[PDB]
Structure formats: structure tokens, C-alpha cells
>>> print(open('final_15.txt').read())   # compact mmCIF, C-alpha atoms and all ligand atoms
# COMPACT_ATOMS: atom_id res chain seq x y z
CA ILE A 24 13.01 -5.35 -24.28
CA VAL A 25 13.91 -6.58 -27.77
CA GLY A 26 15.28 -4.06 -30.23
CA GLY A 27 15.50 -1.16 -27.78
CA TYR A 28 18.28 1.05 -26.47
CA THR A 29 20.03 1.53 -23.14
CA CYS A 30 17.96 4.16 -21.32
CA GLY A 31 20.77 5.69 -19.30
CA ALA A 32 21.02 5.55 -15.53
CA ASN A 33 17.98 6.99 -13.73
CA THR A 34 16.44 8.53 -16.84
CA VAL A 35 13.20 6.61 -16.14
CA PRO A 36 12.82 7.58 -12.47
CA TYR A 37 9.40 5.98 -11.94
CA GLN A 38 10.60 2.51 -13.03
CA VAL A 39 10.79 -0.03 -10.21
CA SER A 40 12.13 -3.57 -10.01
CA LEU A 41 10.18 -6.10 -7.96
CA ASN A 42 12.61 -8.45 -6.24
CA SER A 43 11.97 -11.76 -4.48
CA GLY A 44 15.63 -12.73 -4.24
CA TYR A 45 16.00 -11.79 -7.92
CA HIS A 46 14.31 -9.39 -10.31
CA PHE A 47 11.05 -10.86 -11.56
CA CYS A 48 8.80 -7.96 -12.70
CA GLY A 49 8.75 -4.25 -13.27
CA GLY A 50 6.35 -1.68 -11.91
CA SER A 51 5.70 2.05 -11.73
CA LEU A 52 5.86 4.37 -8.73
CA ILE A 53 2.64 6.41 -8.69
CA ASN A 54 3.18 8.21 -5.36
CA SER A 55 5.61 8.02 -2.47
CA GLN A 56 4.00 4.87 -1.04
CA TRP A 57 2.34 3.01 -3.93
CA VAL A 58 3.47 1.02 -6.97
CA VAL A 59 1.35 -0.27 -9.85
CA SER A 60 2.27 -3.50 -11.62
CA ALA A 61 0.60 -6.41 -13.40
CA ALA A 62 -1.63 -8.83 -11.52
CA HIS A 63 0.29 -11.70 -13.13
CA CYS A 64 3.31 -10.49 -11.13
CA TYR A 65 1.60 -11.25 -7.81
CA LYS A 66 3.57 -13.14 -5.21
CA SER A 67 4.30 -12.96 -1.50
CA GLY A 68 7.46 -11.43 -0.07
CA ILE A 69 8.10 -8.62 -2.56
CA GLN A 70 10.86 -6.07 -2.04
CA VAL A 71 10.45 -2.97 -4.21
CA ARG A 72 13.70 -1.57 -5.61
CA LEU A 73 13.69 2.09 -6.66
CA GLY A 74 16.41 4.15 -8.27
CA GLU A 75 17.90 1.14 -10.07
CA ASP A 76 19.94 1.05 -13.21
CA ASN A 77 22.19 -2.01 -12.98
CA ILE A 78 20.13 -4.45 -10.91
CA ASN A 79 23.23 -6.49 -10.00
CA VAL A 80 25.41 -3.63 -8.67
CA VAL A 81 24.79 -1.12 -5.89
CA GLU A 82 25.44 2.18 -7.66
CA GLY A 83 24.31 4.60 -4.95
CA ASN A 84 20.82 5.87 -5.85
CA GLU A 85 18.80 2.81 -4.81
CA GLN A 86 16.06 2.60 -2.23
CA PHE A 87 14.97 -0.88 -1.16
CA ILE A 88 11.56 -0.98 0.55
CA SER A 89 9.49 -4.03 1.45
CA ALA A 90 5.86 -4.27 0.40
CA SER A 91 3.31 -4.20 3.20
CA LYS A 92 0.22 -5.10 1.18
CA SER A 93 -0.61 -6.19 -2.35
CA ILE A 94 -4.06 -5.73 -3.93
CA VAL A 95 -4.82 -7.61 -7.13
CA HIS A 96 -7.71 -6.19 -9.14
CA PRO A 97 -10.98 -7.78 -7.97
CA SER A 98 -11.86 -8.96 -11.50
CA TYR A 99 -8.43 -10.19 -12.63
CA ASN A 100 -8.80 -13.34 -14.74
CA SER A 101 -5.55 -15.27 -14.99
CA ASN A 102 -6.71 -17.30 -18.00
CA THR A 103 -7.57 -14.33 -20.24
CA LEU A 104 -5.38 -11.70 -18.49
CA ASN A 105 -8.33 -9.32 -18.42
CA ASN A 106 -7.85 -6.70 -15.66
CA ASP A 107 -4.11 -7.43 -15.38
CA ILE A 108 -3.31 -4.81 -12.75
CA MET A 109 -2.23 -4.82 -9.11
CA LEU A 110 -1.31 -2.23 -6.49
CA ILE A 111 1.53 -2.63 -3.98
CA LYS A 112 1.81 -0.46 -0.88
CA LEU A 113 5.30 0.20 0.49
CA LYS A 114 6.06 -0.31 4.17
CA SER A 115 7.45 3.24 4.26
CA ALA A 116 7.37 6.20 1.91
CA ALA A 117 10.10 6.54 -0.68
CA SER A 118 12.28 9.65 -0.69
CA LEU A 119 11.45 11.41 -3.95
CA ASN A 120 14.16 13.22 -5.92
CA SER A 121 15.29 13.74 -9.51
CA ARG A 122 16.19 10.03 -9.88
CA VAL A 123 13.25 8.50 -7.94
CA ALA A 124 9.98 10.12 -8.91
CA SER A 125 6.34 9.22 -9.39
CA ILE A 126 4.55 9.07 -12.73
CA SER A 127 1.17 10.75 -13.10
CA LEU A 128 -1.99 8.79 -13.77
CA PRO A 129 -3.84 9.69 -16.98
CA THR A 130 -6.88 11.92 -17.13
CA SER A 131 -7.87 10.56 -20.55
CA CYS A 132 -7.10 7.51 -22.64
CA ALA A 133 -4.41 7.84 -25.29
CA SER A 134 -5.32 7.43 -28.95
CA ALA A 135 -3.83 5.10 -31.52
CA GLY A 136 -0.76 6.69 -33.06
CA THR A 137 0.49 8.17 -29.78
CA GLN A 138 4.19 7.46 -29.21
CA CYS A 139 5.05 5.87 -25.88
CA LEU A 140 8.10 4.75 -23.90
CA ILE A 141 8.31 1.17 -22.64
CA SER A 142 11.10 0.13 -20.31
CA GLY A 143 12.37 -2.87 -18.41
CA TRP A 144 15.04 -5.42 -17.59
CA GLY A 145 13.49 -8.23 -19.63
CA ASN A 146 15.00 -10.52 -22.24
CA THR A 147 16.56 -8.73 -25.22
CA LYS A 148 16.33 -11.64 -27.71
CA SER A 149 13.30 -12.83 -29.68
CA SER A 150 14.75 -16.36 -29.83
CA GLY A 151 17.08 -17.55 -27.11
CA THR A 152 17.69 -15.59 -23.93
CA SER A 153 19.96 -12.74 -22.87
CA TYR A 154 19.03 -10.69 -19.86
CA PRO A 155 20.53 -7.23 -19.47
CA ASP A 156 21.65 -5.85 -16.18
CA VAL A 157 20.86 -2.21 -17.08
CA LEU A 158 17.48 -0.74 -17.95
CA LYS A 159 16.39 -0.89 -21.60
CA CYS A 160 13.96 1.45 -23.36
CA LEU A 161 11.79 1.29 -26.45
CA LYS A 162 9.74 3.96 -28.20
CA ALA A 163 6.63 2.47 -29.77
CA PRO A 164 3.22 3.68 -30.97
CA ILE A 165 -0.17 2.62 -29.75
CA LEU A 166 -1.84 0.58 -32.48
CA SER A 167 -5.44 0.92 -33.59
CA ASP A 168 -7.97 -1.32 -31.87
CA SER A 169 -8.80 -2.89 -35.24
CA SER A 170 -5.18 -3.87 -35.92
CA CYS A 171 -4.88 -5.20 -32.37
CA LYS A 172 -8.03 -7.33 -32.63
CA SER A 173 -6.90 -8.58 -36.05
CA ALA A 174 -3.56 -9.67 -34.58
CA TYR A 175 -5.21 -11.51 -31.65
CA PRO A 176 -8.69 -12.64 -32.73
CA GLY A 177 -11.04 -13.19 -29.81
CA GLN A 178 -8.51 -12.17 -27.15
CA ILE A 179 -8.51 -8.35 -26.86
CA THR A 180 -10.89 -6.83 -24.33
CA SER A 181 -11.73 -3.17 -23.79
CA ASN A 182 -9.12 -3.22 -21.00
CA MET A 183 -6.20 -3.91 -23.34
CA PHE A 184 -4.33 -2.15 -26.11
CA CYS A 185 -1.56 -3.15 -28.48
CA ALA A 186 1.61 -1.16 -28.94
CA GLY A 187 4.65 -1.85 -31.03
CA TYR A 188 5.36 -2.79 -34.63
CA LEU A 189 3.48 -5.21 -36.86
CA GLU A 190 6.74 -5.89 -38.75
CA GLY A 191 8.28 -7.35 -35.58
CA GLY A 192 11.77 -6.82 -34.25
CA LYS A 193 10.94 -4.43 -31.39
CA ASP A 194 8.83 -5.43 -28.39
CA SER A 195 8.71 -5.97 -24.67
CA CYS A 196 9.54 -9.48 -23.51
CA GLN A 197 9.83 -11.87 -20.55
CA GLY A 198 10.84 -9.99 -17.43
CA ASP A 199 9.40 -6.69 -18.62
CA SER A 200 6.06 -7.82 -17.12
CA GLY A 201 4.37 -5.18 -14.99
CA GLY A 202 6.51 -2.30 -16.26
CA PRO A 203 5.36 1.07 -17.54
CA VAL A 204 4.11 2.30 -20.89
CA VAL A 205 4.32 6.09 -20.60
CA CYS A 206 2.86 8.40 -23.24
CA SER A 207 3.06 12.20 -23.05
CA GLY A 208 4.27 12.04 -19.45
CA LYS A 209 1.40 9.86 -18.17
CA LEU A 210 1.15 6.17 -17.32
CA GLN A 211 -1.09 4.65 -19.99
CA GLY A 212 -0.12 0.98 -19.98
CA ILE A 213 1.28 -1.97 -18.06
CA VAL A 214 3.33 -4.67 -19.78
CA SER A 215 0.88 -7.57 -19.83
CA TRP A 216 1.16 -10.31 -22.49
CA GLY A 217 1.80 -11.30 -26.08
CA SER A 218 2.60 -14.22 -28.33
CA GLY A 219 6.33 -14.53 -27.98
CA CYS A 220 8.41 -11.37 -28.35
CA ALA A 221 8.96 -9.19 -31.42
CA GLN A 222 7.25 -11.63 -33.80
CA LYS A 223 5.68 -10.42 -37.02
CA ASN A 224 1.98 -9.53 -36.66
CA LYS A 225 2.14 -10.18 -32.88
CA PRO A 226 2.61 -6.86 -31.08
CA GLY A 227 2.74 -6.59 -27.33
CA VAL A 228 -0.51 -6.25 -25.37
CA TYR A 229 -0.79 -3.81 -22.46
CA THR A 230 -3.28 -3.16 -19.67
CA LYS A 231 -5.23 0.02 -20.43
CA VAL A 232 -4.57 2.05 -17.28
CA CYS A 233 -7.03 4.83 -18.07
CA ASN A 234 -9.91 2.39 -17.33
CA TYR A 235 -8.62 1.86 -13.78
CA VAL A 236 -7.96 5.38 -12.47
CA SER A 237 -11.10 5.44 -10.31
CA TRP A 238 -10.27 2.06 -8.77
CA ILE A 239 -6.65 3.10 -8.14
CA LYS A 240 -7.62 6.37 -6.46
CA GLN A 241 -10.36 4.82 -4.32
CA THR A 242 -8.06 1.99 -3.24
CA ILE A 243 -5.17 4.27 -2.28
CA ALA A 244 -7.54 6.54 -0.34
CA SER A 245 -8.70 3.69 1.93
CA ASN A 246 -5.58 1.55 2.38
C1 LIG B 301 4.76 -9.69 -20.70
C2 LIG B 301 5.29 -10.88 -21.42
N1 LIG B 301 5.84 -11.94 -20.72
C3 LIG B 301 6.25 -12.90 -21.61
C4 LIG B 301 6.86 -14.13 -21.38
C5 LIG B 301 7.17 -14.90 -22.48
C6 LIG B 301 6.88 -14.47 -23.77
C7 LIG B 301 6.28 -13.25 -24.00
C8 LIG B 301 5.96 -12.44 -22.90
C9 LIG B 301 5.35 -11.15 -22.75
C10 LIG B 301 4.85 -10.26 -23.85
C11 LIG B 301 5.93 -9.38 -24.44
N2 LIG B 301 5.34 -8.37 -25.33
CA CA B 302 21.71 -1.19 -8.61
>>> encode(input="final_15.txt", output="C-alpha cells")
Amino acid sequence: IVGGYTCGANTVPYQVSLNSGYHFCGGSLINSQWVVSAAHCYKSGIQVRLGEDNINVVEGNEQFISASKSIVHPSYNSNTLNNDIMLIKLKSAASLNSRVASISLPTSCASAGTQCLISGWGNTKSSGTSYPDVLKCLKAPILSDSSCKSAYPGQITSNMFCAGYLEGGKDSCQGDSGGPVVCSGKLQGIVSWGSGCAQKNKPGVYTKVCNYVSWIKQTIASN
């Protein structure tokens, strides 16, 4: 997260870190046994880390649970990043409390102008690299579809939205991949892609979760 603020320990209780020997992506806990992330985060041998603040120190609220199955969306296209969503089932159910909690799926799509919270452990610099150990947060609005398509001609599908600031300076970044965009207490987006981080006229692009609720629910019900 570039241009954000330190969230505070366990103030984003649905945020997960995906670990394969190191943090490589975020995700969101949607019930006691399932996490949603980006399809571009797929790999084998994922350990899901819940209750994290500092990802390099054991602080006492963590739960570490291996993934038993990953399901990339059937229509994910890695060249265009259309349908950039994946589900991960945990080997055992997490213990839910005030600091480890699920985030609700949306019943409707959020409109442009809605303020959202984006969080992650990604790079905090637009040029160069500095990775934080504690979770960072950013409040940002959903942008109109017209402004989004004007920023990325020919690249925005109906399964994507832009959020952030056309002036630059505040954005998600590398390592925030797969993390949550929460608006009005519901999961509306997944950190997906962009042109660099925090550049002028290049807001972040996010998977539009409201288009996937039926697939998520049907998949969880049968797996
Ligand atoms: C999700 C993601 N991952 C990256 C890696 C390098 C540069 C930009 C990005 C972005 C977009 C940030 N808004
Ligand atoms: Ca920790």
C-alpha cells in the first residue's frame, strides 16, 4: 500500500496472509474454512496465516492453517486478468473471534463514489521498494466505469472496477495482490492489477466480487 496508514493490530480481522515460506499474497476469510484471493496468486503449498499484524513476529493472535484445495475460477485468463479470483479451502476450520473474523459477501454491487478500505503488506513506495512488516490500510473511492475505461483503454472488462485517485500518490502495490477491498462492511473487490503503483491517471484495478457470489456459494456448497 502506497500512501496509506498503519491499520493497527487486528483491526482488519478478515485479512489473511498467504505464505509459501514467505508472504506472497493477501486474501479474505469468508467463512471459517474458506478464503478468497486472486487467481494470479495461485501456487501449490499454501499456508494461510490468520490474525496477523507483524508478519515477521509471533504476537499471539495468529492461526496458521494449511490449504487443502485451491480452486481457480474456470474462466480465469492470465493474459488479460479477467476473472482474477480463486477460492482456498482450509484443512481445518479457523477459530473465529474478535480478531479473526469473516467478511460478508455482497448482495449488490457497489456504485462509483462508494468509499472502501484496501489493506495489505505490499510495497509502500511508488518507485523503489520498501516492504512493511505490519498491515497497511488505505481508504479510497470506487471510480466511475467511464474514468476507469479512459485510464486503461481496451483493458477493463465488466468483471473489473477501478478504485483510488487519478492524481496518484495512494494505491495498492506489489504484495497487496489478492487482498480485500471492503465497502460498507462487505467484500466488493480483490486486489488484481494496475500499471505500476500510485501513478497519475493509473488507478488500481480490482476484481468485481459481486459478479461471482453465485459461483462462490455453489463452489463452497459442494467442496
Ligand atoms: C496487484 C498489483 N501487483 C503489482 C505488481 C507490480 C506493480 C503493480 C502491481 C499491482 C497493482 C497495484 N494497484
Ligand atoms: Ca505475526
>>> residues_near_point(input="final_15.txt", point="(-6.2, 10.6, -14.4)", cutoff="12 Å", atoms="only C-alpha atoms", output="compact mmCIF listing (two decimals) with C-alpha atoms, in the frame of the given file")
# COMPACT_ATOMS: atom_id res chain seq x y z
CA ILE A 53 2.64 6.41 -8.69
CA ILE A 126 4.55 9.07 -12.73
CA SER A 127 1.17 10.75 -13.10
CA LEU A 128 -1.99 8.79 -13.77
CA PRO A 129 -3.84 9.69 -16.98
CA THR A 130 -6.88 11.92 -17.13
CA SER A 131 -7.87 10.56 -20.55
CA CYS A 132 -7.10 7.51 -22.64
CA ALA A 133 -4.41 7.84 -25.29
CA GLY A 208 4.27 12.04 -19.45
CA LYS A 209 1.40 9.86 -18.17
CA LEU A 210 1.15 6.17 -17.32
CA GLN A 211 -1.09 4.65 -19.99
CA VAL A 232 -4.57 2.05 -17.28
CA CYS A 233 -7.03 4.83 -18.07
CA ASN A 234 -9.91 2.39 -17.33
CA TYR A 235 -8.62 1.86 -13.78
CA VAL A 236 -7.96 5.38 -12.47
CA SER A 237 -11.10 5.44 -10.31
CA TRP A 238 -10.27 2.06 -8.77
CA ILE A 239 -6.65 3.10 -8.14
CA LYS A 240 -7.62 6.37 -6.46
>>> residues_near_point(input="final_15.txt", point="(2.2, -10.1, -38.2)", cutoff="12 Å", atoms="only C-alpha atoms", output="MDAnalysis selection string")
chainID A and resid 170:175 187:192 218:227
>>> closest_residue(input="final_15.txt", among="A:217, A:177, A:212, A:68", to="residue A:229", atoms="all atoms listed in the file")
A:212
>>> closest_residue(input="final_15.txt", among="A:148, A:72, A:66, A:46", to="residue A:84", atoms="only C-alpha atoms")
A:72
>>> atom_distance(input="final_15.txt", atom1="atom CA of residue A:147", atom2="atom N1 of ligand LIG 301 (chain B)")
12.1 Å
>>> decode(input="final_15.txt", residues="stretch 178-200 of chain A", atoms="N, CA and C atoms", output="compact mmCIF listing (two decimals), in the first residue's frame")
# COMPACT_ATOMS: atom_id res chain seq x y z
N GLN A 178 -8.89 -2.48 -21.83
CA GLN A 178 -8.43 -3.46 -20.86
C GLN A 178 -9.41 -3.76 -19.73
N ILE A 179 -10.48 -2.98 -19.58
CA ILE A 179 -11.38 -3.12 -18.43
C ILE A 179 -12.59 -3.92 -18.88
N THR A 180 -12.81 -5.07 -18.26
CA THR A 180 -14.00 -5.87 -18.53
C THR A 180 -15.07 -5.58 -17.49
N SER A 181 -16.25 -6.17 -17.70
CA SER A 181 -17.34 -5.99 -16.75
C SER A 181 -17.04 -6.63 -15.41
N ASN A 182 -15.95 -7.39 -15.30
CA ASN A 182 -15.58 -8.05 -14.06
C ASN A 182 -14.52 -7.30 -13.28
N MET A 183 -14.31 -6.03 -13.60
CA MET A 183 -13.25 -5.23 -13.00
C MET A 183 -13.82 -3.87 -12.64
N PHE A 184 -13.25 -3.26 -11.61
CA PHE A 184 -13.51 -1.85 -11.34
C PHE A 184 -12.22 -1.19 -10.91
N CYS A 185 -12.18 0.13 -11.04
CA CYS A 185 -11.04 0.91 -10.59
C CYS A 185 -11.39 1.56 -9.26
N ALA A 186 -10.41 1.67 -8.38
CA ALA A 186 -10.58 2.44 -7.17
C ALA A 186 -9.28 3.15 -6.88
N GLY A 187 -9.38 4.30 -6.24
CA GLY A 187 -8.17 5.04 -5.94
C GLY A 187 -8.30 6.49 -6.33
N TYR A 188 -7.21 7.07 -6.83
CA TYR A 188 -7.10 8.51 -7.03
C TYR A 188 -6.40 8.76 -8.35
N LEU A 189 -7.08 9.48 -9.24
CA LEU A 189 -6.48 9.81 -10.53
C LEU A 189 -5.24 10.69 -10.40
N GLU A 190 -5.12 11.45 -9.31
CA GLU A 190 -3.94 12.28 -9.10
C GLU A 190 -2.70 11.46 -8.74
N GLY A 191 -2.86 10.19 -8.38
CA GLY A 191 -1.75 9.38 -7.94
C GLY A 191 -1.46 9.55 -6.47
N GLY A 192 -0.41 8.87 -6.02
CA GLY A 192 0.09 9.02 -4.67
C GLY A 192 -0.44 8.02 -3.66
N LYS A 193 -1.59 7.39 -3.93
CA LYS A 193 -2.21 6.46 -3.00
C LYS A 193 -2.77 5.30 -3.80
N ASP A 194 -2.35 4.08 -3.48
CA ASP A 194 -2.70 2.93 -4.30
C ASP A 194 -2.29 1.66 -3.56
N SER A 195 -2.84 0.54 -4.01
CA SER A 195 -2.26 -0.75 -3.66
C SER A 195 -1.01 -0.98 -4.52
N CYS A 196 -0.24 -2.01 -4.17
CA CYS A 196 1.02 -2.23 -4.88
C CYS A 196 1.41 -3.70 -4.78
N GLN A 197 2.62 -4.01 -5.27
CA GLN A 197 3.12 -5.38 -5.28
C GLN A 197 3.08 -5.97 -3.88
N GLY A 198 2.55 -7.18 -3.77
CA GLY A 198 2.40 -7.83 -2.50
C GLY A 198 1.05 -7.61 -1.84
N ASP A 199 0.27 -6.64 -2.31
CA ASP A 199 -1.10 -6.50 -1.87
C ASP A 199 -2.05 -7.40 -2.64
N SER A 200 -1.56 -8.00 -3.73
CA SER A 200 -2.30 -8.91 -4.59
C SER A 200 -3.19 -9.84 -3.78
